[PDB]
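Enquirer: I'm passing along run_20.pdb; it holds PDB, C-alpha atoms and all ligand atoms.
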```pdb
ATOM      1  CA  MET A   1      51.691  75.516 175.113  1.00  0.00           C
ATOM      2  CA  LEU A   2      55.238  74.466 174.086  1.00  0.00           C
ATOM      3  CA  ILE A   3      57.182  71.588 175.570  1.00  0.00           C
ATOM      4  CA  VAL A   4      60.000  72.567 177.954  1.00  0.00           C
ATOM      5  CA  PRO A   5      62.889  72.145 177.372  1.00  0.00           C
ATOM      6  CA  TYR A   6      62.415  73.534 173.904  1.00  0.00           C
ATOM      7  CA  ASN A   7      64.979  73.611 171.102  1.00  0.00           C
ATOM      8  CA  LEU A   8      64.669  76.437 168.645  1.00  0.00           C
ATOM      9  CA  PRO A   9      66.945  76.038 165.591  1.00  0.00           C
ATOM     10  CA  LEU A  10      68.687  79.261 164.459  1.00  0.00           C
ATOM     11  CA  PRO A  11      69.455  78.397 160.860  1.00  0.00           C
ATOM     12  CA  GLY A  12      72.941  79.534 159.841  1.00  0.00           C
ATOM     13  CA  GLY A  13      73.528  80.848 163.359  1.00  0.00           C
ATOM     14  CA  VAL A  14      72.936  84.352 164.540  1.00  0.00           C
ATOM     15  CA  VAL A  15      73.833  87.667 163.000  1.00  0.00           C
ATOM     16  CA  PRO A  16      73.616  91.276 164.061  1.00  0.00           C
ATOM     17  CA  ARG A  17      70.007  92.558 163.721  1.00  0.00           C
ATOM     18  CA  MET A  18      68.569  89.162 164.610  1.00  0.00           C
ATOM     19  CA  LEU A  19      65.917  89.480 167.329  1.00  0.00           C
ATOM     20  CA  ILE A  20      64.879  86.427 169.311  1.00  0.00           C
ATOM     21  CA  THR A  21      61.629  86.651 171.294  1.00  0.00           C
ATOM     22  CA  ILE A  22      60.623  84.284 174.059  1.00  0.00           C
ATOM     23  CA  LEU A  23      57.143  84.578 175.601  1.00  0.00           C
ATOM     24  CA  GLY A  24      56.053  82.562 178.610  1.00  0.00           C
ATOM     25  CA  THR A  25      54.930  82.631 182.213  1.00  0.00           C
ATOM     26  CA  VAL A  26      57.115  81.891 185.209  1.00  0.00           C
ATOM     27  CA  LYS A  27      55.742  79.029 187.310  1.00  0.00           C
ATOM     28  CA  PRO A  28      54.525  79.728 190.897  1.00  0.00           C
ATOM     29  CA  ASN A  29      57.344  78.283 192.839  1.00  0.00           C
ATOM     30  CA  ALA A  30      60.124  78.989 190.399  1.00  0.00           C
ATOM     31  CA  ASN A  31      63.800  78.245 191.016  1.00  0.00           C
ATOM     32  CA  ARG A  32      65.527  78.764 187.707  1.00  0.00           C
ATOM     33  CA  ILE A  33      65.163  79.601 183.985  1.00  0.00           C
ATOM     34  CA  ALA A  34      67.716  79.183 181.246  1.00  0.00           C
ATOM     35  CA  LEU A  35      68.258  80.272 177.691  1.00  0.00           C
ATOM     36  CA  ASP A  36      71.225  78.591 176.045  1.00  0.00           C
ATOM     37  CA  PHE A  37      72.453  79.908 172.680  1.00  0.00           C
ATOM     38  CA  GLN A  38      74.519  76.961 171.516  1.00  0.00           C
ATOM     39  CA  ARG A  39      77.376  76.352 169.102  1.00  0.00           C
ATOM     40  CA  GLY A  40      77.322  72.547 169.004  1.00  0.00           C
ATOM     41  CA  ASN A  41      78.114  71.471 172.552  1.00  0.00           C
ATOM     42  CA  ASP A  42      79.420  74.903 173.411  1.00  0.00           C
ATOM     43  CA  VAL A  43      77.095  77.422 175.023  1.00  0.00           C
ATOM     44  CA  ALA A  44      77.866  80.848 173.572  1.00  0.00           C
ATOM     45  CA  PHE A  45      75.442  82.609 175.841  1.00  0.00           C
ATOM     46  CA  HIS A  46      73.818  81.132 178.945  1.00  0.00           C
ATOM     47  CA  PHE A  47      71.224  83.454 180.432  1.00  0.00           C
ATOM     48  CA  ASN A  48      70.143  82.036 183.813  1.00  0.00           C
ATOM     49  CA  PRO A  49      67.680  83.747 186.121  1.00  0.00           C
ATOM     50  CA  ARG A  50      68.163  82.242 189.610  1.00  0.00           C
ATOM     51  CA  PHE A  51      65.267  82.829 192.013  1.00  0.00           C
ATOM     52  CA  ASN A  52      67.211  81.644 195.050  1.00  0.00           C
ATOM     53  CA  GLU A  53      70.924  81.983 195.057  1.00  0.00           C
ATOM     54  CA  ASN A  54      71.684  82.442 198.754  1.00  0.00           C
ATOM     55  CA  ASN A  55      68.106  83.822 199.190  1.00  0.00           C
ATOM     56  CA  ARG A  56      68.553  86.551 196.572  1.00  0.00           C
ATOM     57  CA  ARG A  57      67.388  86.666 192.977  1.00  0.00           C
ATOM     58  CA  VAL A  58      70.120  87.130 190.396  1.00  0.00           C
ATOM     59  CA  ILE A  59      70.735  86.648 186.690  1.00  0.00           C
ATOM     60  CA  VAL A  60      73.868  84.669 185.920  1.00  0.00           C
ATOM     61  CA  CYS A  61      75.289  84.785 182.368  1.00  0.00           C
ATOM     62  CA  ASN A  62      78.139  82.643 181.119  1.00  0.00           C
ATOM     63  CA  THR A  63      79.752  80.688 178.308  1.00  0.00           C
ATOM     64  CA  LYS A  64      80.581  76.979 178.202  1.00  0.00           C
ATOM     65  CA  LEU A  65      83.589  75.946 176.079  1.00  0.00           C
ATOM     66  CA  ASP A  66      84.749  72.356 175.734  1.00  0.00           C
ATOM     67  CA  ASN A  67      82.401  71.370 178.554  1.00  0.00           C
ATOM     68  CA  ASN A  68      83.834  74.021 181.023  1.00  0.00           C
ATOM     69  CA  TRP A  69      81.936  77.074 182.335  1.00  0.00           C
ATOM     70  CA  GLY A  70      83.808  80.359 182.189  1.00  0.00           C
ATOM     71  CA  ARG A  71      83.704  83.550 184.224  1.00  0.00           C
ATOM     72  CA  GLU A  72      80.136  84.331 185.332  1.00  0.00           C
ATOM     73  CA  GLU A  73      78.622  87.763 184.752  1.00  0.00           C
ATOM     74  CA  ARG A  74      75.983  88.680 187.286  1.00  0.00           C
ATOM     75  CA  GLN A  75      73.345  91.051 187.274  1.00  0.00           C
ATOM     76  CA  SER A  76      71.226  91.894 190.174  1.00  0.00           C
ATOM     77  CA  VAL A  77      68.419  93.692 188.334  1.00  0.00           C
ATOM     78  CA  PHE A  78      65.786  90.961 188.287  1.00  0.00           C
ATOM     79  CA  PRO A  79      62.653  91.591 186.315  1.00  0.00           C
ATOM     80  CA  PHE A  80      60.998  88.181 186.558  1.00  0.00           C
ATOM     81  CA  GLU A  81      58.291  87.305 189.092  1.00  0.00           C
ATOM     82  CA  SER A  82      56.999  83.880 189.897  1.00  0.00           C
ATOM     83  CA  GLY A  83      53.537  83.385 188.396  1.00  0.00           C
ATOM     84  CA  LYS A  84      53.839  86.282 185.886  1.00  0.00           C
ATOM     85  CA  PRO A  85      54.012  86.422 182.073  1.00  0.00           C
ATOM     86  CA  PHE A  86      57.248  87.681 180.539  1.00  0.00           C
ATOM     87  CA  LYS A  87      58.777  88.590 177.237  1.00  0.00           C
ATOM     88  CA  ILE A  88      62.534  88.130 176.756  1.00  0.00           C
ATOM     89  CA  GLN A  89      63.991  89.730 173.670  1.00  0.00           C
ATOM     90  CA  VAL A  90      67.560  88.987 172.735  1.00  0.00           C
ATOM     91  CA  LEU A  91      68.958  91.347 169.992  1.00  0.00           C
ATOM     92  CA  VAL A  92      72.154  90.235 168.427  1.00  0.00           C
ATOM     93  CA  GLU A  93      74.491  93.208 168.080  1.00  0.00           C
ATOM     94  CA  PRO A  94      77.993  93.345 166.624  1.00  0.00           C
ATOM     95  CA  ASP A  95      79.787  93.008 169.963  1.00  0.00           C
ATOM     96  CA  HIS A  96      77.180  91.609 172.366  1.00  0.00           C
ATOM     97  CA  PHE A  97      73.845  90.054 172.922  1.00  0.00           C
ATOM     98  CA  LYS A  98      71.477  92.708 174.206  1.00  0.00           C
ATOM     99  CA  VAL A  99      68.603  91.508 176.456  1.00  0.00           C
ATOM    100  CA  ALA A 100      65.385  93.337 177.185  1.00  0.00           C
ATOM    101  CA  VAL A 101      62.628  91.879 179.338  1.00  0.00           C
ATOM    102  CA  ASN A 102      59.088  93.258 179.217  1.00  0.00           C
ATOM    103  CA  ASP A 103      60.346  96.037 176.892  1.00  0.00           C
ATOM    104  CA  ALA A 104      62.970  97.285 179.346  1.00  0.00           C
ATOM    105  CA  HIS A 105      66.656  96.956 178.729  1.00  0.00           C
ATOM    106  CA  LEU A 106      68.236  94.475 181.110  1.00  0.00           C
ATOM    107  CA  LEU A 107      71.807  93.561 180.173  1.00  0.00           C
ATOM    108  CA  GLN A 108      74.410  93.097 177.471  1.00  0.00           C
ATOM    109  CA  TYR A 109      76.754  90.091 177.161  1.00  0.00           C
ATOM    110  CA  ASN A 110      79.861  90.472 175.068  1.00  0.00           C
ATOM    111  CA  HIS A 111      80.513  87.829 172.442  1.00  0.00           C
ATOM    112  CA  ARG A 112      83.019  85.326 173.712  1.00  0.00           C
ATOM    113  CA  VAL A 113      82.128  82.867 170.965  1.00  0.00           C
ATOM    114  CA  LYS A 114      83.059  84.720 167.775  1.00  0.00           C
ATOM    115  CA  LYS A 115      81.616  82.393 165.167  1.00  0.00           C
ATOM    116  CA  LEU A 116      78.171  83.918 165.245  1.00  0.00           C
ATOM    117  CA  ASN A 117      77.093  81.940 162.187  1.00  0.00           C
ATOM    118  CA  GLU A 118      77.674  78.683 164.066  1.00  0.00           C
ATOM    119  CA  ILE A 119      75.450  79.522 167.105  1.00  0.00           C
ATOM    120  CA  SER A 120      72.648  77.574 165.606  1.00  0.00           C
ATOM    121  CA  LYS A 121      70.382  76.476 168.458  1.00  0.00           C
ATOM    122  CA  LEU A 122      68.554  78.114 171.310  1.00  0.00           C
ATOM    123  CA  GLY A 123      67.627  75.856 174.255  1.00  0.00           C
ATOM    124  CA  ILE A 124      64.896  77.183 176.538  1.00  0.00           C
ATOM    125  CA  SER A 125      64.600  75.424 179.893  1.00  0.00           C
ATOM    126  CA  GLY A 126      63.412  75.718 183.479  1.00  0.00           C
ATOM    127  CA  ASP A 127      60.434  76.700 185.550  1.00  0.00           C
ATOM    128  CA  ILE A 128      58.217  78.271 182.921  1.00  0.00           C
ATOM    129  CA  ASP A 129      55.174  77.683 180.856  1.00  0.00           C
ATOM    130  CA  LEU A 130      56.478  78.464 177.376  1.00  0.00           C
ATOM    131  CA  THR A 131      54.099  80.281 175.031  1.00  0.00           C
ATOM    132  CA  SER A 132      56.191  81.131 171.976  1.00  0.00           C
ATOM    133  CA  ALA A 133      59.778  81.223 170.766  1.00  0.00           C
ATOM    134  CA  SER A 134      60.556  82.939 167.513  1.00  0.00           C
ATOM    135  CA  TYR A 135      62.989  85.189 165.681  1.00  0.00           C
ATOM    136  CA  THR A 136      62.986  87.968 163.174  1.00  0.00           C
ATOM    137  CA  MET A 137      65.402  90.440 161.489  1.00  0.00           C
ATOM    138  CA  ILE A 138      65.027  94.081 162.413  1.00  0.00           C
TER
HETATM  139  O1  LIG B 201      74.858  75.209 190.026  1.00  0.00           O
HETATM  140  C1  LIG B 201      75.261  76.367 190.214  1.00  0.00           C
HETATM  141  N1  LIG B 201      76.365  76.878 189.643  1.00  0.00           N
HETATM  142  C2  LIG B 201      77.170  76.095 188.720  1.00  0.00           C
HETATM  143  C3  LIG B 201      76.665  76.186 187.292  1.00  0.00           C
HETATM  144  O2  LIG B 201      76.757  77.540 186.842  1.00  0.00           O
HETATM  145  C4  LIG B 201      76.634  77.645 185.396  1.00  0.00           C
HETATM  146  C5  LIG B 201      76.841  79.076 185.021  1.00  0.00           C
HETATM  147  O3  LIG B 201      78.194  79.427 185.398  1.00  0.00           O
HETATM  148  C6  LIG B 201      75.269  77.088 184.963  1.00  0.00           C
HETATM  149  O4  LIG B 201      74.251  77.992 185.448  1.00  0.00           O
HETATM  150  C7  LIG B 201      75.073  75.684 185.483  1.00  0.00           C
HETATM  151  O5  LIG B 201      73.749  75.268 185.340  1.00  0.00           O
HETATM  152  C8  LIG B 201      73.494  74.537 184.190  1.00  0.00           C
HETATM  153  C9  LIG B 201      72.006  74.223 184.019  1.00  0.00           C
HETATM  154  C10 LIG B 201      70.969  75.132 184.238  1.00  0.00           C
HETATM  155  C11 LIG B 201      69.682  74.710 184.027  1.00  0.00           C
HETATM  156  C12 LIG B 201      68.622  75.556 184.226  1.00  0.00           C
HETATM  157  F1  LIG B 201      68.851  76.777 184.567  1.00  0.00           F
HETATM  158  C13 LIG B 201      67.343  75.174 183.978  1.00  0.00           C
HETATM  159  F2  LIG B 201      66.335  76.025 184.144  1.00  0.00           F
HETATM  160  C14 LIG B 201      67.059  73.888 183.640  1.00  0.00           C
HETATM  161  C15 LIG B 201      68.074  73.018 183.436  1.00  0.00           C
HETATM  162  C16 LIG B 201      69.389  73.408 183.646  1.00  0.00           C
HETATM  163  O6  LIG B 201      70.367  72.479 183.471  1.00  0.00           O
HETATM  164  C17 LIG B 201      71.665  72.868 183.628  1.00  0.00           C
HETATM  165  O7  LIG B 201      72.570  72.066 183.463  1.00  0.00           O
HETATM  166  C18 LIG B 201      75.290  75.621 186.990  1.00  0.00           C
HETATM  167  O8  LIG B 201      75.186  74.269 187.418  1.00  0.00           O
HETATM  168  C19 LIG B 201      74.511  77.136 191.240  1.00  0.00           C
HETATM  169  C20 LIG B 201      75.279  77.496 192.314  1.00  0.00           C
HETATM  170  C21 LIG B 201      74.696  78.196 193.379  1.00  0.00           C
HETATM  171  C22 LIG B 201      73.356  78.517 193.330  1.00  0.00           C
HETATM  172  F3  LIG B 201      72.855  79.124 194.380  1.00  0.00           F
HETATM  173  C23 LIG B 201      72.554  78.154 192.264  1.00  0.00           C
HETATM  174  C24 LIG B 201      71.192  78.510 192.223  1.00  0.00           C
HETATM  175  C25 LIG B 201      70.411  78.149 191.120  1.00  0.00           C
HETATM  176  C26 LIG B 201      70.969  77.453 190.047  1.00  0.00           C
HETATM  177  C27 LIG B 201      72.333  77.111 190.083  1.00  0.00           C
HETATM  178  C28 LIG B 201      73.142  77.448 191.174  1.00  0.00           C
HETATM  179 CL    CL B 202      84.542  81.004 168.166  1.00  0.00          CL
HETATM  180 CL    CL B 203      60.541  82.301 163.920  1.00  0.00          CL
END
```
Show the structure stored in the file as structure tokens.
Expert:
Amino acid sequence: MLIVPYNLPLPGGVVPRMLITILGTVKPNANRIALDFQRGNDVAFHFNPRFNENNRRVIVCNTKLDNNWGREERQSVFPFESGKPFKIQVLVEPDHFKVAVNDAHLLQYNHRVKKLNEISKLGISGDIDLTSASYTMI
């Protein structure tokens, strides 16, 4: 129901206690999904489910500074399934983004970009039907 890629403004950036919720459905033959929490051209937090990286499924997380990708953080727990509805929740904590999918904790990503209040856009891209993208303070 939403156009992909989708740009969700985060007015005044993010802050601890901010909860971002993404609802959608993975497409049948999916290859990749991405959520990009952006500070201008920088990507503070790139969350990238990969359905076929050397014939394994993995989540790659990273940061892009001055157009250069940094050290990737991988996690092999992979809760997405092609063709299935998902909920990603990203809770901003003091020292990390905390990600839960379908109400189960998945991973944490320490803040490399420190200017939380300047991470003012979330890009949602890839092989999904996007249902909703929203935020709230908890
Ligand atoms: O390309 C790979 N690695 C280099 C880069 O790694 C970065 C993280 O360190 C980024 O993931 C970068 O991708 C950027 C990107 C992703 C993207 C996406 F995920 C979408 F769903 C849609 C559009 C996208 O456009 C992009 O530029 C990506 O190009 C890559 C390598 C090896 C693989 F097996 C891959 C499998 C799936 C996807 C990417 C790869
Ligand atoms: Cl910074
Ligand atoms: Cl909202």
Enquirer: Run through the PyMOL selection byres (((chain A and resi 118) around 8) and not hetatm) on the given coordinates and return the selected residues as a count of residues only.
Expert: 10
Enquirer: Go through A:36, A:21, A:41, A:97 one by one, measure the shortest atom-to-atom distance of each to residue 6 in chain A using all atoms listed in the file, and give the residue with the smallest value.
Expert: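 The closest residue to residue 6 in chain A is A:36.
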Enquirer: What does the list of residues within 6 Å of ligand LIG 201 (chain B) look like if you count only C-alpha atoms and all ligand atoms, written as a ChimeraX atom specification?
Expert: /A:32-34,48,50,52-54,62,69,72,125-126
Enquirer: Take CA of residue 81 in chain A and CA of residue 133 in chain A and report the distance between them in Å, one decimal.
Expert: 19.4 Å
Enquirer: One decimal, in Å: what's the spacing between CA of residue 96 in chain A and CA of residue 27 in chain A?
Expert: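 So the two atoms, CA of residue 96 in chain A and CA of residue 27 in chain A, lie 29.0 Å apart.
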Enquirer: Between CA of residue 109 in chain A and CA of residue 137 in chain A, what is the distance, to one decimal in Å?
Expert: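 Computing it gives 19.4 Å between the two atoms.
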